[PDB]
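Beneath this line is the structure, given in structure tokens, with notes to follow.
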Amino acid sequence: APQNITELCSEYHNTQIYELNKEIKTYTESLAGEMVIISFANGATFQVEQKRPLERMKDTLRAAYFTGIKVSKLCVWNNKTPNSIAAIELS
Amino acid sequence: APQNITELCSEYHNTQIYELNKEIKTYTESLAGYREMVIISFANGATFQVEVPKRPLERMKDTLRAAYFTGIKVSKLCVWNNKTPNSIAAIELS
Amino acid sequence: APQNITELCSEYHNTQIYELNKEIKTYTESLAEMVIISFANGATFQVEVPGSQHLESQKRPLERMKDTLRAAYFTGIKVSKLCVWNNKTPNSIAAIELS
Amino acid sequence: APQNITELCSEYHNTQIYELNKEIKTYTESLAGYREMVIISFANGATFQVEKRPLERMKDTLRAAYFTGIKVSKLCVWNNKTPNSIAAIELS
Amino acid sequence: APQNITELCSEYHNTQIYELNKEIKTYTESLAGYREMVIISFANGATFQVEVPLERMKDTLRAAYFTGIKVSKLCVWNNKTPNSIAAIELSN
């Protein structure tokens, strides 16, 4: 089984790794019958997107925001606007 | 999809942005049958709630409670202009 | 609609406001369900049971309230006011205000 | 209803109160399934377990007490089990 | 019933106890169908995953990561790779 985010990210289609090593600057959450958007100080902006796994990821990004912990890497779907998160590495 | 709260707000009917840039002064929660009511207010008196003008509603309530507990600044709210307290459609924390 | 705990409290039957401005001194939890909180003055309150108070009290909201009260206890944050039902002993919590 | 842990503990068959006033020294948990346990131990060797949603809640409370170093004041436990099974907890 | 992680680990088949006494250096979570994969790593390269929801264990590891609390021991199926976690002990 894949051992890290780079290996995991290769298993998906239309994805790439963003290496950020930064805390989340802005956290946005909206009712969508919830969409979650995060941005970083350099302006990189990502959205979340299944029920259960998506709630866990939304909780993780929310907690990261409130605690100011560093996001190391994201694996994202690059055919989406903003790009959609497949995996997260905190380190 | 829009990547900021201003444009997201524009996609709902009868909503507006309030720019706050301050921490929640009071957080109130009450039993209301199948759901809890959750009301927040700020130092200038602006009062807002979570209520549809399910799971996502719960998530919003938890975000506002966490914001209250931690004293984190609320940057913006997109709210519906229905009731006072106005219902929250979106939140931005920065 | 009501916009604060005082206005909300008047919508229920058999309630009162309790003015606290204190952190929770004692948190008690039992699985045989019951959550009880107490403050330095001896003021003691319980969380309601699902299906009580004309169905104003139901399982999922109560779980959320239990979460809030436990967080308040652990973090030492002040409870400003409670809206409490007086038809139970200890009085049971309808609403919580944190400030 | 009971107003404290002593009153509630008196309501059940084969329970007893242990007074601790100590922080949790060790927290152990296994995966959901038939072998799922949460086990807590204190400095003096005293060890307890949590044997639906009330069960979830109590496990969460113990885990948070460990993470934070909050003192456990009292436990109401069934002592027809080893480790004794927690019926109620008092934090103070 | 078991009273500690070693006794708990012996209720599983082909498990071992990996002693660590270290904080988690990296936390990775990823979307799969029906559940998220969760992978943790330590500074020495030791890498573990949660799999047989297993939501409680996932919550515990994430909280350990966020708070920097030490993971004392893991009971793992050490035939899996990365090894899958059956139980965790938190101690300092």
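Cβ atoms come from the backbone with ideal geometry, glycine included; neighbour counts cover every protein chain shown. A short reminder: the numbers here are calculations on the coordinates, not readings from a lab.
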Partner chain Cβ atoms within 10 Å, averaged over the residues of A:78-90 - can you pull that number for me? 4
Expected integer from the mean partner chain Cβ neighbour count at 10 Å over B:65-76 is 3
Exceeding 28 Å between C-alpha atoms, which entries from my cross-link table qualify? They are C:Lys25/D:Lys25; D:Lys22/E:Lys70; D:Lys71/E:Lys73; B:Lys61/D:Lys22; B:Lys54/C:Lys88; B:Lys25/E:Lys58. B:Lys61/D:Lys22; B:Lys54/C:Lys88; B:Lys25/E:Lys58
In order through region D:61-68: 3J(HN,Hα) via Karplus (6.51 cos²θ - 1.76 cosθ + 1.60), integer Hz, x for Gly, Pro: 4, 4, 5, 4, 4, 4, 4, 8
If you filter region B:1-43 for chymotrypsin sites (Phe, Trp or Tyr not before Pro), then keep DSSP loop positions with at most 13 other Cβ within 10 Å, what is left? B:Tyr34
FRET efficiency (D:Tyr12, C:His54; Cβ distance; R0 30 Å; to 0.05) is 0.50
With every atom except the alpha carbons ignored, what do you get for Rg and Dmax of chain A, in angstroms? 12.4, 35
Report the percentage of all Cα-Cα pairs in the protein assembly as shown whose separation exceeds 28 Å, rounded to a whole percent. 56 percent
Inter-label distance, nm, simple model (7 Å from Cα along the C-beta direction), E:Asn21/A:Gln3: 2.6 nm
Mind sorting A:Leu74, C:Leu69 by how few other Cβ atoms lie within 10 Å of their own Cβ, fewest first? C:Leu69, A:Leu74
Fewest to most Cβ atoms within 10 Å: A:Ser30, E:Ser84 sort as E:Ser84, A:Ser30
Distance from region E:53-83 to region A:10-69 (C-alpha centre basis), Å: 22 Å
Add -39500 (n - 2.57) for each DSSP H run of 4 or more in chain E, then divide by its residues: what number comes out at 222 nm, to the nearest 500 deg cm²/dmol? -5500 deg cm²/dmol
The ³J(HN,Hα) series, computed from each phi in region E:39-44 with the Karplus coefficients 6.51, -1.76 and 1.60 at θ = phi - 60°, rounded to the nearest Hz and given as x for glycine or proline, is 10, 10, 9, 10, 5, 7
Which order results if E:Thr26, D:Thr68 are arranged by neighbouring Cβ count within 10 Å, fewest first? D:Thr68, E:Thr26
Partner chain coverage, peptide E:56-63 - average Cβ within 10 angstrom: 4
